[PDB]
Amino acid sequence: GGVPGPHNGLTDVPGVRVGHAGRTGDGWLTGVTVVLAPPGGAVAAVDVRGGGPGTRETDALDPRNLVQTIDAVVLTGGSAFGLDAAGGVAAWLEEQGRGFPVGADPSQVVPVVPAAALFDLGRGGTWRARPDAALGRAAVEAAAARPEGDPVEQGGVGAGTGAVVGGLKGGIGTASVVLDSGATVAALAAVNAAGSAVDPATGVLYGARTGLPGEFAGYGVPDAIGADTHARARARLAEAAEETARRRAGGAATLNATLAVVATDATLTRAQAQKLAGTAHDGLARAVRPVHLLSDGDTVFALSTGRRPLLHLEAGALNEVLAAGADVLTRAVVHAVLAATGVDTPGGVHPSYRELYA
């Protein structure tokens, strides 16, 4: 208990797969990330908490409703246009015979494919360069081709490709933790927030103090940030923001988001998963400030693979999952910020945290 799973990421929840598909260069800087549940699906829920969401099939995840499990969740760039990516994932799922059965014929299924989008328009240079159905299909096909327990690719990949967090380059990050029960809780985040992951007084990452021992040491940031390193970094970022606003037509992006999936193999009901999606947002708050503004499309999906029974008793057990859910999202955000590498395109200049502070 209290240590990461084998690869410190979402796929430490057994049977979960992650696929990215992206387009970089020639005007493009965007992509799609798909989380694919194991065969049979997963109990799913959602908490859409940002004031500027762009979303699909969220109503279907209400605890009152018909469909009891789903197979895929889609995180995408392209703002609302990028929701087109989810159609490709639904098509693939139908081909696989995975969805709500609508007859005695087992090939006849309706896939419930929730999606959330983040705003990254123009960050490669070309405004109408957004994910489409083919790019979504590519992402789920990439997910399906991976084995169980495959390390998750972080950084400027999938939905994180064009992601920017408080002016710094954002991206995909992931983290896991093992509970005393043996259950794993984990998160994957695509971090494109308006607010800052960095304390403006010190340069320290807000989320870092929620880290487990040594988990960030591979990224090689100094344990203490010198005041003049922070001074140089603030100026460097301020000027990249100036230049970004210059290059861009209507200046810097006005819409932002952090998108996440939190997963566990602990068996949850849909309502319990809905609570977990809610508590996960608290972890976002600890890693980024401010969050959940009107400009933010922050969305957390929660999944349970239902492979381990939970066991005042059940309540305590669930509380451990809920608390972990927040912590893994906090840690996933820090990993996203650290895994990022800077970009410089006609649609934006966005240095990475490590470029400024390492």
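One rule holds for the numbers: they count along the sequence shown, beginning at 1.
Peer 1: According to the PDB entry, how many deposited residues between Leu66 and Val67 are absent from the model (none, 1 to 3, 4 to 9, 10 or more)?
Peer 2: In the deposited sequence, nothing is left without coordinates between these two.
Peer 1: Mean Cα B factor from the PDB record: higher for 155-163, or higher for 243-251?
Peer 2: Per the PDB record, 243-251.
Peer 1: If you average the CA temperature factors over each stretch, which comes out higher, 209-217 or 107-115?
Peer 2: On average, C-alpha B-factors are higher across 209-217.
Peer 1: For the CA B factor values reported in this entry, which option in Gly31, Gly54, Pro309, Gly325 has the top one?
Peer 2: Comparing C-alpha B-factors across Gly31, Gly54, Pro309, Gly325, the maximum falls on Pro309.
Peer 1: Which is it among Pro147, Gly122, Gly171, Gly195: the one with the largest CA B-factor in the entry?
Peer 2: Reading the PDB entry, the winner on C-alpha B-factor is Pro147.
Peer 1: Looking at the temperature factor on the CA atom of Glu94, which third of the chain's modelled residues does it land in?
Peer 2: Middle third - that is where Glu94 ends up once the chain's C-alpha B-factors are sorted.
Peer 1: Pull the Cα B-factor of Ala37 out of the PDB entry and bin it into the chain's lowest, middle or highest third.
Peer 2: According to the entry, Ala37 has a C-alpha B-factor in the chain's middle third.
Peer 1: Based on the entry's values, in what third of the chain does the Cα temperature factor of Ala86 lie: lowest, middle or highest?
Peer 2: Lowest third.
Peer 1: Where does the C-alpha B-factor of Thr330 rank in its chain, lowest, middle or highest third?
Peer 2: Its C-alpha B-factor belongs to the lowest third of this chain's values.
Peer 1: Give the position of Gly27 by CA B-factor within its chain, expressed as the lowest, middle or highest third.
Peer 2: Middle third of the chain for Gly27's C-alpha B-factor.
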